[PDB]
Protein chains: 2
Amino acid sequence: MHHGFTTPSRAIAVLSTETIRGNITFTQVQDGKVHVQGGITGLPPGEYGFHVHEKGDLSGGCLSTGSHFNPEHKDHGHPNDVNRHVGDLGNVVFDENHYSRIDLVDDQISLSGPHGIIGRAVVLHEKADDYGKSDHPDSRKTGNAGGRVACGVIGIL
Amino acid sequence: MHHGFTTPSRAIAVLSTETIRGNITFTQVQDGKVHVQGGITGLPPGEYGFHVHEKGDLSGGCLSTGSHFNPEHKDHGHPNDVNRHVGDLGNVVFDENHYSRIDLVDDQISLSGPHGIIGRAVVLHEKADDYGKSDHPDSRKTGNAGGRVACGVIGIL
Ligand SMILES: [Cu+2]
Ligand SMILES: [Cu+2]
Ligand SMILES: [Cu+2]
Ligand SMILES: [Cu+2]
Ligand SMILES: [Zn+2]
Ligand SMILES: [Zn+2]
């Protein structure tokens with residue numbers, strides 16, 4: 001027996017480095033929204049750039065996930081900007097205890113269609129996203145979030 | 001600017017353990033076929049069970065990828081059997097040099113639709129798949145391929 005297409009209603013990405021452990025779950029909710037929730041330990045307190053990159057390709061570590069998932073051909077942006085990339089989910093915040101609570105809802109990423117992020121990569125950044133609001137010349141493209149301290153492919157949960 | 005859906009025409013999964021390194025690329029080819037190619041080092045010579053498991057979930061390591069990708073509700077099988085699971089890609093073979101060449105074409109897995117494996121998991125097994133042809137009582141369900149020495153999520157390449 002052969003079926004039509006089912007859109008997954010939940011996905012997850014797993015970050016594990018020597019220092020870093022995190023699960024980030026992405027759950028399809030009402031009104032074309034996705035509910036992104038997880039928690040990650042292992043960075044000092046502060047803000048770090050958190051994005052979906054285009055490729056679920058780890059053959060070159062985080063470098064192979066390429067650039068920010070951008071099907072709408074827009075500029076780098078704040079998640080609340082109209083001019084953002086689909087993958088531009090802003091900054092995560094590590095507390096004094098070295099633990100990030102992730103808990104947000106984004107109306108641009110999806111679990112299917114042209115904004116589908118299944119098979120794409122979550123990338124955690126070593127410093128903070130600037131929202132394309134600086135005059136570093138990367139700022140309009142990548143924010144300016146430094147290296148890529150961790151990444152994992154978005155899988156079906 | 002907003003787009004219709006594009007089906008990815010290439011995917012990859014990356015196996016890296018303390019001992020194991022491998023890339024496996026999955027490429028959409030003519031005639032509803034997928035061309036699976038890679039190479040993996042780090043096991044002695046022999047046959048090991050190589051499958052697509054249902055979930056791209058690594059939160060529980062390889063255990064969370066669940067069971068064999070099976071949307072057609074069939075039994076475990078040889079890739080050439082009609083009665084197989086979609087995820088039942090048989091055995092890989094490590095040479096005396098500890099290196100697996102993977103190079104095959106499978107007509108059941110796809111990169112989209114109900115047999116879409118993007119976001120699902122490649123799982124490498126510690127011993128060999130028996131093709132559901134034994135009388136171990138797992139044989140009809142999992143073949144009988146032992147533990148799960150490595151796994152990676154299928155990402156968009
Ligand atoms: Cu980034
Ligand atoms: Cu376009
Ligand atoms: Cu298996
Ligand atoms: Cu069914
Ligand atoms: Zn961006
Ligand atoms: Zn099977």
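Atoms within each ligand, like the ligands themselves, are counted from 1 in listed order. Hydrogens, waters and symmetry mates play no part in the numbers below; they use all other heavy atoms, side chains included. Chain A is the first sequence line, chain B the second, and so forth, proteins listed ahead of strands; every chain is numbered from 1.
Applying the side chain to side chain contact (heavy atoms under 4.5 Å, CB included) test between B:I109 and each of B:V52, B:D88, B:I154 identifies B:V52 as the sole match. A side chain to side chain contact (heavy atoms under 4.5 Å, CB included) with B:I24 holds for exactly one of B:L124, B:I12, B:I40, B:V14; it is B:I40.
Centroid-to-centroid, the aromatic rings of A:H2 and B:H115 come within less than 6.0 Å.
Between the ND1 atom of B:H85 and the ND1 atom of B:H76, the angle taken at the Zn ion (ligand 6) works out to 120° after rounding to 10°. Around the Cu ion (ligand 1), the two atoms NE2 of A:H53 and NE2 of A:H125 are separated by an angle of 110°, to 10 degrees.
At a cut-off of 2.8 Å, B:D75 is not counted among the residues with an N, O or S atom near the Zn ion (ligand 6). Using a cut-off of 2.8 Å, one finds that B:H51 contributes no N/O/S atom close to the Zn ion (ligand 6).
Of all N/O/S atoms in B:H51, ND1 sits nearest the Cu ion (ligand 3). When the Zn ion (ligand 6) is compared with the N/O/S atoms of B:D88, atom OD1 turns out nearest. Closest approach between the Zn ion (ligand 6) and any N/O/S atom of B:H68 involves ND1.
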Original post:
What's the verdict on ring-ring contact (aromatic ring centres under 6.0 Å, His included) for B:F94 and B:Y99, showing C-alpha distance, side-chain angles and the deciding distance?
Top reply: CA-CA 5 Å; B:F94 286 78; B:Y99 171 75; 7.9 Å; no
Original post:
Between A:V34 and A:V105, does a side-chain contact (heavy atoms from CB on, under 4.5 Å) hold up when you go through it step by step?
Top reply: CA-CA 6 Å; A:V34 348; A:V105 347; over 6 Å; no
**OP:** Take B:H3 and A:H73, measure what ring-ring contact (aromatic ring centres under 6.0 Å, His included) needs, and give me the verdict at the end.
**Re:** CA-CA 11 Å; B:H3 294 74; A:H73 319 288; 5.1 Å; yes
